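All values below come from the heavy atoms of this structure, side chains included, with hydrogens, waters and symmetry mates left out. Sequence lines set the chain letters: A, B, ... in the order given, protein chains first and strands last, and positions in each chain run from 1.
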Amino acid sequence: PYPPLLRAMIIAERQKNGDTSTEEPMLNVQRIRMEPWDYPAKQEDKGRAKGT
Amino acid sequence: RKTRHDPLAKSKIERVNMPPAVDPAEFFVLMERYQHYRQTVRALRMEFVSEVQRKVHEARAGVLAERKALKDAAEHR
Amino acid sequence: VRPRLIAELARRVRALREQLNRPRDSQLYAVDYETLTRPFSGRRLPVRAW
Amino acid sequence: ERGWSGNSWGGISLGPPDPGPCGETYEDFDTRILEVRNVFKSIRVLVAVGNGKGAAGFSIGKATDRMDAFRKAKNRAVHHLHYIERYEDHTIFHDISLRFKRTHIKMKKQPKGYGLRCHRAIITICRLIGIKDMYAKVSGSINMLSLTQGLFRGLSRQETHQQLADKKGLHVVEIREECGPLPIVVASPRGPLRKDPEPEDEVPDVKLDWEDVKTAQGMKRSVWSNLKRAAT
Amino acid sequence: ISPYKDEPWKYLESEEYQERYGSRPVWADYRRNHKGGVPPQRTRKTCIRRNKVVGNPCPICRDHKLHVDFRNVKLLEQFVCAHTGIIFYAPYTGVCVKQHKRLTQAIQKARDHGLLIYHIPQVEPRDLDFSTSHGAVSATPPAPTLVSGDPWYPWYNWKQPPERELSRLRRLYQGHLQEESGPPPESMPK
Amino acid sequence: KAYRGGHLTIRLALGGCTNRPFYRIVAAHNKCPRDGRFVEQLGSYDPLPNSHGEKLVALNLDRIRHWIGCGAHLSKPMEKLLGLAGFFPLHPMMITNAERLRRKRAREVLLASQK
Amino acid sequence: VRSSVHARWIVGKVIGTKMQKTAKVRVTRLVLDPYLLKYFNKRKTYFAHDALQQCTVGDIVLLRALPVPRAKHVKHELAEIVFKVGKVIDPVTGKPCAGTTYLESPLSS
Amino acid sequence: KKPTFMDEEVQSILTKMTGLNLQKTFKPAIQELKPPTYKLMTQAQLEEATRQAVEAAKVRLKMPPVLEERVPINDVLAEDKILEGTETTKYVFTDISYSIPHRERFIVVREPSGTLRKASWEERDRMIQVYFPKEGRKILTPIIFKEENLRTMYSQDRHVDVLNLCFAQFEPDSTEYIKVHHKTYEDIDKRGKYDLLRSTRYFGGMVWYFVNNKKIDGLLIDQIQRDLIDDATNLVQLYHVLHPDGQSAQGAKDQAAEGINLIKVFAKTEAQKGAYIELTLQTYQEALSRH
Amino acid sequence: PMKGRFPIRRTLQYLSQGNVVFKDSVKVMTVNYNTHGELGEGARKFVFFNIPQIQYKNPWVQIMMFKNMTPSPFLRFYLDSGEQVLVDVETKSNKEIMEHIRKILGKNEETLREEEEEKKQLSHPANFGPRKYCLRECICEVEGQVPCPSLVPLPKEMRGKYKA
RNA sequence: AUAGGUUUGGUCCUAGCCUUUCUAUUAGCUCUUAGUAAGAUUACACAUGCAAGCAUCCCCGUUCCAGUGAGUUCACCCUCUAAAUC
Ligand code: FES
Ligand SMILES: [K+]
Ligand SMILES: [K+]
Ligand SMILES: [Mg+2]
Ligand SMILES: [Mg+2]
Ligand SMILES: [Mg+2]
Ligand SMILES: [Mg+2]
Ligand SMILES: [Mg+2]
Ligand SMILES: [Zn+2]
């Protein structure tokens, strides 16, 4: 579901533009894959300690 | 604040930051809550990014913008 | 603008000396197991790793 | 009551003028001292009189004694009265710019409640005449006699709205911001009315004062302008 | 001690006031004492200092029967321009700062009580359209969770972790554990 | 001004007086001072209850959505405010702190009963 | 977007032709005096690429910005000659003129 | 259907009944003054200026719409019980996006119980004043609208000032607006002060209220006494169209009453003081004959 | 007094009376006019009275004047596209020339009103900040809210000195 | 500036200087309370203590914030286009 206020605003805009459909607004989350925090990162992009 | 060239204070050269103790049940529930909340917030952020890009595209080459461009070009003619 | 050439000279010399005096992994990631500190920098490892 | 200063004769009232040999009384007239000077000894006094209803005058008096000079000046002033036209009996009909000898005077008509923001002598003379709202600036040599003469001259040579209507044969219509777009006709020609409109001068060739334009544009910065002062 | 303290406006229609001031304002005859031709841009703070009047008290302070009250409308009118409705600044009438502040407050109170006439302009409406059909002011369709009594998201509620995960955490954090917490109270304890 | 790296973030800049805080919700570079230069003011937050017993929060939702869609980050207090407004989900820590406070009040009630 | 030169179109008078394929042009703009509130002419010199060497000192020319500068000071090119010096063609009628008098009468055509 | 207040026919009747007195419409305002300007004008130019002033007055006298009292807002967006007891004061969230009509603007309240609900009309008005302040409006209700201060204002015959303050402070569909306007109209009716509102934008609303509450007797009497017979006949006609199934409309249809006969029809059928209406009308007819 | 004939021309109010705001296409305006001849009189007036106003309203447009180079006065406008617009101005008064150029190359009132409405959005009334940019400095200026401690002391319970 | 004082035996003109107004610092004398704001003269020299960590090791941060006004048209707009966030 959308957050309450954002859902209310989406529905209000829909009714303002004449749409009267009753389907609930929904946030698609299938494309947001939650990667485990301990997944290996990109070592090529990591830095190195400077000599001193 | 100190710069990297400033020396470390002598009163904390023997300081160990001991990690805090964990409550396993609360820890696990909080981890799951952060996962779900971040998924939802990322979905919302993607939606807002799409709105911003769509508004920019409409401003440049939308039907209203192109109509107004043809209109004032004609009027000039 | 009066040229600032010493700055360029120093930048180039520093880059060369950093690329020629690179610390090696055996130096950077060595550890003293008694005190659990890096001898290269003297910084102690986090407790949760000890 | 004191005059313009504690030790100054200027601004002090001398009371009503004495009943004249013609037999007229002047109980409605007030007299004010404008200047007292030692003539090398005699005394020369410049005084002004006025009934507060447009009739006002001024005179010089020379005598060995101060009181004799006052009496002479007052009695001669009452017999040399100007009548000063007042718009709505509180202000002048239009802005008046004049130069008498080396003394320059700019006078500006003002709305009700503006008060007398004028040279102190001008404030005194205006109170004698009956003008209640006006702005005045005196430039050049501040000579008291020249100031008085120029003030009376300019105020006596002001054109009333009726005079302008008769001259131009047209309605004089007043526009007030507090009254909106309502046209108020203040004067109409006594004779016939011209059917051709005044030329709509796209840019009039008027002589502007840099002082007024500078104030209007906000480039005036004087620390002495628009200071709070007692009611006048 | 004034007999007009309870009804100050009485003093303005008493013969004593008429003899003292006539039809002119109570501040008409007052004059400040100062050096130079340009007066200081503020009046004195107060003419009465520790129950002692200064040598030249201001028009309000020089008369103890003049009471600055929001009901004394006629006295307040003397300190407002009749042609612009603007309260005179203190140097105009010579009133001290204390009495000027009191007069300003009394005038504002009189205007707020409808006792002193002031110009009330005619304004345009706030909105162009007066419709109330938008969802911001109308009823929004309830969400399924609101009808069902469930939380908006399932993770708003506490779910007991499996014992295997609790044991995994107990191994991960050996020697640095707190007492395990159970499900929280369903409502806020009173 | 060029900062090394950095990003835009929507955060709370503190104004007001001693013992009277007030907040402006602004989008600013993270490296900038707290009350310094900002890109846009996106709202305000008065944390002191007014005469009606209300904490007033103004949110420019259109501009907040714009700046989130342009890559701006959010500070934790701002995320919590947006969760309270219903614009975002309730932050996990509001839920966790509520549960902790419930448990603490339960312990206090149990102490009272035991006494 | 089409050019990095600030002045896209400018009109000026050719004041020099001593450089090869380059004309030195004087451009006047009207600048307000903040105090007097009167407009005064302010002059600026521009170098314009003139490939064909058709510019003569004193003629009024139009300069178009180059997409990028071709030299340190050459940022413009000669778009056209508005008024050739002493060979002015009246634009309203199209006929040659010498000052305020027609060399060829408009009625002749 | 029954005509609305904004119907063209009703609006024309009320506009002509209001009148247009330029002197009252553009009465000199007590404000900061500037030196007046002067123009030399011919007769034609003066007439053109007067016509432009008439058009400006017509714009100034535009009648505010008459609205029905707004229904209270009672809508819950969410019930987050987990938040219950975690806060002591409510949060008010106002969406301050610039380009939104104020009646389409989302304003919500998070209560200490954890309920996210929509703000009430009073809360909406206070918040909109807080963030979009309107000149003349106050966040806190002025005390002039209390009953005692309203009595004082009425005693000073400052009804138009009261209505201007009401229009500045309250929304047209708000309860306070309606109550104050109705109280002012009742005072005008009780004390016969109708002329106070003539040539103003509130006369139409007052007339509409009187017509819908069936108390046009005093206004009709005042119009007759002021020799505004066309206004009186139009008032009876508006009464008939607003009440077409009443005794007055039926009688006027029956005997084919027109003009003053409509007033006689109303006085005989549906007037609370028809006798005195008849007396005033008969006196007016005698005066007209004598003149 | 102010020097020169028609000193009103050198006042900001007159300079802001100008009603010609060129479209963005116009880059250069050349004004060819003649010093003598009745038929060019209006053009001369156009140079005397209206060029200052046009320049004031269009500071980035290059205006240049030419004298006695052609038998007839005329205006020429160079556009960014490369087009040239010629306007003959014999027998035309200065007011007529102004109206003509306003019609053919001037922004209409609708576009100007749109631009002012866009300018309005930049100054949001709800923002709090310095007087140079915002209506109010702080929320404490809003009635019903807690006022400044500078003007009204806070109760001891809300001050840290009495909480620590 | 609403101006005023002052050149002469005297009048007029010109012209400088000063007075009256509003701030800031310092000095003399004097000084009850509460709230708030602001607070080295010095780019002279500095005793002493603090001002940068975090984190299952890698990294990241310490290039920020805070300070000063010595030097002084690198600050603004347009074109182009890196690094950075998404
Ligand atoms: S300025 Fe807001 S509390 Fe003082
Ligand atoms: K780290
Ligand atoms: K410096
Ligand atoms: Mg003395
Ligand atoms: Mg001098
Ligand atoms: Mg001291
Ligand atoms: Mg600091
Ligand atoms: Mg990049
Ligand atoms: Zn006093």
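Judged by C1'-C2'-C3'-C4', the furanose ring of J/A83 adopts a north pucker. Regarding nucleotide J/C57, the torsion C1'-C2'-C3'-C4' is less than zero, so its sugar is described as south. Sugar conformation at J/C60 is north: the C1'-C2'-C3'-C4' dihedral has a positive sign, consistent with the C3'-endo side. Nucleotide J/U11 shows a positive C1'-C2'-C3'-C4' value and thus a north, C3'-endo-like sugar.
Taking atom P in both J/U30 and J/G35, the straight-line distance is 27 Å, to the nearest Å. Nucleotides J/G10 and J/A24 have their P atoms positioned 46 Å apart, rounded to a whole Å. Using atom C1' as the reference point in both J/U81 and J/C57, the two lie 40 Å apart (nearest Å). The same atom, P, is picked in J/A66 and in J/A83; the two are 29 Å apart, to the nearest Å. If you take atom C1' in J/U63 and the same atom in J/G53, they sit 16 Å apart, rounded to whole Å. J/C64 and J/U41 have their P atoms separated by 28 Å, given to the nearest Å. Rounded to whole Å, the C1' atom of J/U72 lies 15 Å from the corresponding atom of J/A43.
Without both a ring-centre distance below 5.5 Å and an interplanar angle below 30°, J/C74 is not stacked on J/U73. No stacking contact links strand neighbours J/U62 and J/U63 by the limits of base ring centres under 5.5 angstrom apart and planes under 30 degrees. A stacking criterion of 5.5 Å and 30° is not met by the six-membered base rings of adjacent nucleotides J/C31 and J/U32.
For the pair B/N17 and C/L28, both in contact range of RNA chain J, the more 5′-proximal nearest nucleotide belongs to B/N17. RNA chain J is contacted by both F/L8 and B/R1; B/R1 maps to the nucleotide lying nearer its 5′ end (nearest heavy atom per residue).
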- Query: Under the ring pair (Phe, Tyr, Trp, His ring centres under 6.0 Å) criterion, do C/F40 and C/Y29 qualify, and how do the steps go?
  - Reply: CA-CA 8 Å; C/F40 186 85; C/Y29 312 130; 9.1 Å; no
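Applying the side-chain hydrogen bond (donor to acceptor under 3.5 Å, both in side chains) test to every pair with at least one member in residues 145-164 of chain I, sequence neighbours left out, gives these pairs: F/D46-I/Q145, F/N50-I/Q145.
Residue B/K2 is classed as a base contact, given a heavy-atom separation below 4.0 Å to a base. Within 4.0 Å of F/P33, counting heavy atoms only, lie sugar-phosphate atoms of the nucleic acid but no base atom. Backbone-only engagement by A/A49 is indicated by non-hydrogen atom pairs under 4.0 Å involving sugar-phosphate atoms exclusively. Using a 4.0 Å heavy-atom criterion, one finds that I/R159 contacts the sugar-phosphate atoms exclusively. Within the 4.0 angstrom heavy-atom criterion, only backbone atoms of the sugar-phosphate kind lie near D/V138; the bases stay farther away. The residue E/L172 sits close to a base: some heavy atom pair falls under 4.0 Å. If you check every strand for non-hydrogen atoms under 4.0 Å, D/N226 touches nothing. Nucleic acid contact class of F/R20 (heavy atoms, under 4.0 Å, all strands): none. Residue contacts shown for D/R117 include a base, since a base heavy atom lies under 4.0 Å away. Backbone-only engagement by B/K12 is indicated by non-hydrogen atom pairs under 4.0 Å involving sugar-phosphate atoms exclusively. Within the 4.0 angstrom heavy-atom criterion, base atoms lie near A/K46. B/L8 comes within contact range of the sugar-phosphate backbone alone, with a heavy-atom separation under 4.0 Å but no base atom that close. Residue contacts for B/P19: at a heavy-atom cut-off of 4.0 Å it reaches no nucleic acid atom on any strand shown. Among the atoms of the strands shown, only primed sugar atoms or phosphate atoms (P, OP1, OP2) are found under 4.0 Å from some heavy atom of D/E211.
When all heavy atoms are compared, the tightest approach of F/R11 to F/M78 is CA-CG, 4.1 Å. Between E/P91 and E/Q41, the closest heavy-atom pair is CG-O, 3.8 Å. Summarising the geometry of D/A121 relative to D/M144, their closest heavy-atom pair is CB-CE, 3.5 Å, with the distance given to 0.1 Å. Residues H/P35 and D/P111 approach most closely at N-CD, 4.0 Å, considering heavy atoms. Residues F/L42 and F/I10 come closest through the heavy atom pair CD1-CG1, 3.8 Å.
A 6.0 Å sphere centred on CG of D/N7 holds no more than 12 heavy atoms belonging to other residues, nucleotides or ligands. Within a 6.0 Å sphere centred on CZ of E/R170, heavy atoms belonging to other residues, nucleotides or ligands number more than 12. For D/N226, the CG atom is loosely surrounded, since the number of other residues' heavy atoms within 6.0 Å does not exceed 12.
Annotation: the span from A/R33 atom CZ to B/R42 atom CZ amounts to 9.0 Å, rounded to 0.5 Å. For the atom pair CD (B/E47) and CZ (B/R45), the distance works out to 12.5 Å, reported to the nearest 0.5 Å.
Contacts between residues 43-50 of chain B and RNA chain J, defined by a heavy-atom separation below 4.0 Å, involve B/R45, B/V49, listed by number. A heavy atom closer than 4.0 Å to some atom of RNA chain J occurs in D/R37, D/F40, these being the qualifying members of residues 33-46 of chain D.
A donor-acceptor contact under 3.5 angstrom links the side chains of F/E79 and B/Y37, judged on distance only. Defined by atom type and a distance below 3.5 Å, a donor-acceptor pair is present between the side-chain atoms of C/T35 and C/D32. Using modelled atom types, one finds a donor on one side chain and an acceptor on the other under 3.5 Å when comparing E/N33 with D/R2.
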- Could you spell out the base pairing of RNA chain J in dot-bracket, with Watson-Crick or G-U pairs whose two distances are under 3.5 Å, [ ] crossing and | to another strand? (.((((.........)))))................................(......)..........................
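Nucleotides of RNA chain J with any atom under 4.0 Å from a heavy atom of chain C span, from 5' to 3', J/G53 to J/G61.
Under the rule for a ring-ring contact (aromatic ring centres under 6.0 Å, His included), the partners of D/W210 that lie at least two apart in sequence or sit in another chain are G/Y35.
Under the 3.5 Å distance criterion, the side-chain polar atoms of D/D133 are left unmatched by any main-chain donor or acceptor of D/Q110.
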